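One structure below.
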Amino acid sequence: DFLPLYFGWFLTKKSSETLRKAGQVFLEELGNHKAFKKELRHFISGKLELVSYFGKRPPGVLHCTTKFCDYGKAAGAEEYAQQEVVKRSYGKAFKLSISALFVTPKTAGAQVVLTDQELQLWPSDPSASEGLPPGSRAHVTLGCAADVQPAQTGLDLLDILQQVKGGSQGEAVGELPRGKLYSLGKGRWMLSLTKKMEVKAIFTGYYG
Ligand SMILES: Nc1ncnc2c1ncn2[C@@H]1O[C@H](CO)[C@@H](O)[C@H]1OP(=O)(O)S
């Protein structure tokens, strides 16, 4: 039997709507914020409406990917699929904790903090991940720029989590209704939610 395109936690319709709108509000507020406007030259090289900037968005249900498999063509795919914990967890319900919303010149996303139980489902094959605890890459993609490729959001999140690793977040340059707004430079932005969002999701496989 051939594997799916990827395994992951697929949010319920309820949660998807909640997270998508939250993400949407973040883009609208961020783009309207003075601290962001005066940094536009570090974001693009040419007022920017971020909702349109991130034109490529998930068509429907949002998800948090664990392992990209490419129907078995991806390295370590077969080995990930064969694990008991994956076959056992298939179809099960989980609660994912969203800790922050972030934006870079390439992607917009939400940071997921996995529990130890959920970390069991994280693959164990990057230089970015160096220093950060496994699963730091976990995320939900909300949108990307026109010519941005898959897997970029995870790479973007890791990079941001490296800046914070060196206590270089800088003071919050503003307050939004949901939390503190941080400017990380090079077009990178992070909203650390005051209260973590919880989303219900089902762990399963997507076959395209
Ligand atoms: N190496 C990869 N190549 C393509 N997609 C990947 C890869 N790693 C993780 N993904 C993810 O698999 C899903 C389908 O592309 C998407 O969720 C990709 O992740 P994102 O960072 O959200 S674009």
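By order of appearance in the structure tokens: chains A, B, ..., then residues from 1 within every chain, and ligands from 1 in the order shown.
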Contact table range 16-68 of chain A vs range 8-12 of chain A, cut-off 6 Å, shortest pair per residue, only C-alpha atoms, as a tab-separated table:
residue	atom	partner	partner_atom	distance
A:16	CA	A:11	CA	5.6
A:62	CA	A:11	CA	5.7
A:63	CA	A:10	CA	4.3
A:64	CA	A:9	CA	5.1
A:65	CA	A:8	CA	4.1
A:66	CA	A:8	CA	4.9
Please produce a file of those selected residues containing N, CA and C atoms, as a short mmCIF file (atom, residue, chain, number, x, y, z; two decimals), in the first residue's frame.
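out-v6.cif written:
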data_model
loop_
_atom_site.label_atom_id
_atom_site.label_comp_id
_atom_site.auth_asym_id
_atom_site.auth_seq_id
_atom_site.Cartn_x
_atom_site.Cartn_y
_atom_site.Cartn_z
N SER A 16 -11.02 25.58 12.53
CA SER A 16 -10.45 26.14 11.31
C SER A 16 -10.96 27.57 11.13
N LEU A 62 -7.85 23.84 7.83
CA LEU A 62 -6.47 24.07 8.25
C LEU A 62 -5.89 22.81 8.88
N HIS A 63 -4.57 22.70 8.92
CA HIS A 63 -3.93 21.50 9.44
C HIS A 63 -2.53 21.78 9.97
N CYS A 64 -2.07 20.93 10.88
CA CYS A 64 -0.69 20.95 11.35
C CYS A 64 0.00 19.68 10.88
N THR A 65 0.93 19.83 9.94
CA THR A 65 1.63 18.69 9.36
C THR A 65 2.64 18.08 10.34
N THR A 66 2.76 16.76 10.31
CA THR A 66 3.81 16.07 11.05
C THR A 66 4.90 15.64 10.08
#
From a DSSP calculation on the backbone, collect every residue of range 14-193 of chain A in helix (DSSP H, G or I) and output the set as JSON, numbers by chain.
{"A": [14, 15, 16, 17, 18, 19, 20, 21, 22, 23, 24, 25, 26, 27, 28, 29, 30, 31, 32, 34, 35, 36, 37, 40, 41, 42, 43, 50, 51, 52, 53, 70, 71, 72, 77, 78, 79, 80, 81, 84, 85, 86, 87, 88, 89, 116, 117, 118, 119, 152, 153, 154, 155, 156, 157, 158, 159, 160, 161, 162, 163, 164, 165]}
Residues of chain A within 10 Å of ligand 1: nearest atom pair and distance (Å, one decimal) for each, counting only C-alpha atoms and all ligand atoms, sorted by chain and number, as a tab-separated table?
residue	atom	partner	partner_atom_place_in_ligand_line	distance
A:5	CA	ligand 1	14 (C)	7.0
A:6	CA	ligand 1	12 (O)	5.9
A:7	CA	ligand 1	12 (O)	8.1
A:8	CA	ligand 1	17 (O)	8.3
A:57	CA	ligand 1	23 (S)	9.6
A:58	CA	ligand 1	22 (O)	9.0
A:62	CA	ligand 1	17 (O)	9.0
A:63	CA	ligand 1	17 (O)	7.0
A:64	CA	ligand 1	17 (O)	6.8
A:65	CA	ligand 1	17 (O)	5.2
A:66	CA	ligand 1	9 (C)	7.3
A:67	CA	ligand 1	9 (C)	6.3
A:68	CA	ligand 1	9 (C)	4.8
A:69	CA	ligand 1	7 (C)	8.1
A:70	CA	ligand 1	4 (C)	7.8
A:74	CA	ligand 1	1 (N)	8.0
A:75	CA	ligand 1	1 (N)	9.6
A:107	CA	ligand 1	23 (S)	8.9
A:108	CA	ligand 1	22 (O)	9.8
A:109	CA	ligand 1	22 (O)	8.3
A:137	CA	ligand 1	21 (O)	9.0
A:138	CA	ligand 1	21 (O)	8.9
A:139	CA	ligand 1	22 (O)	7.2
A:140	CA	ligand 1	22 (O)	6.1
A:141	CA	ligand 1	22 (O)	4.7
A:142	CA	ligand 1	22 (O)	8.1
A:143	CA	ligand 1	23 (S)	8.6
A:144	CA	ligand 1	23 (S)	8.2
A:148	CA	ligand 1	23 (S)	8.7
A:149	CA	ligand 1	23 (S)	6.7
A:150	CA	ligand 1	23 (S)	3.6
A:151	CA	ligand 1	21 (O)	3.3
A:152	CA	ligand 1	21 (O)	5.2
A:153	CA	ligand 1	21 (O)	4.4
A:154	CA	ligand 1	21 (O)	4.9
A:155	CA	ligand 1	21 (O)	7.5
A:156	CA	ligand 1	21 (O)	8.8
A:157	CA	ligand 1	21 (O)	9.3
A:206	CA	ligand 1	14 (C)	8.9
A:208	CA	ligand 1	14 (C)	9.2
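Using only C-alpha atoms, the smallest distance between any of A:196, A:14, A:40, A:173 and residue 104 in chain A comes from A:40.
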Range 109-138 of chain A: which residues are strand (DSSP E or B) by DSSP, as a ChimeraX atom specification?
/A:109-113
Once you have the residues from the selection above, write them out as a compact mmCIF listing (two decimals), in the first residue's frame, restricted to N, CA, C and O atoms.
# COMPACT_ATOMS: atom_id res chain seq x y z
N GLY A 109 1.68 32.42 9.56
CA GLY A 109 1.37 31.16 10.22
C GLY A 109 1.10 31.27 11.70
O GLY A 109 1.19 32.35 12.29
N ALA A 110 0.74 30.14 12.30
CA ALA A 110 0.50 30.07 13.74
C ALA A 110 1.40 29.01 14.36
O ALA A 110 1.48 27.89 13.86
N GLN A 111 2.07 29.37 15.45
CA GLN A 111 2.98 28.46 16.11
C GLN A 111 2.23 27.48 17.00
O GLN A 111 1.40 27.88 17.83
N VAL A 112 2.51 26.19 16.83
CA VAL A 112 1.91 25.15 17.64
C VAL A 112 2.91 24.62 18.66
O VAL A 112 4.06 24.35 18.32
N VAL A 113 2.48 24.48 19.91
CA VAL A 113 3.30 23.85 20.94
C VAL A 113 2.73 22.48 21.26
O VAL A 113 1.66 22.36 21.86
Considering only C-alpha atoms, return as a PyMOL selection string whatever protein or nucleic-acid residues lie within 10 Å of residue 27 in chain A, sequence-local ones (same chain, fewer than 5 positions apart) excluded.
chain A and resi 21-22+32-33+49-54+101-103+108
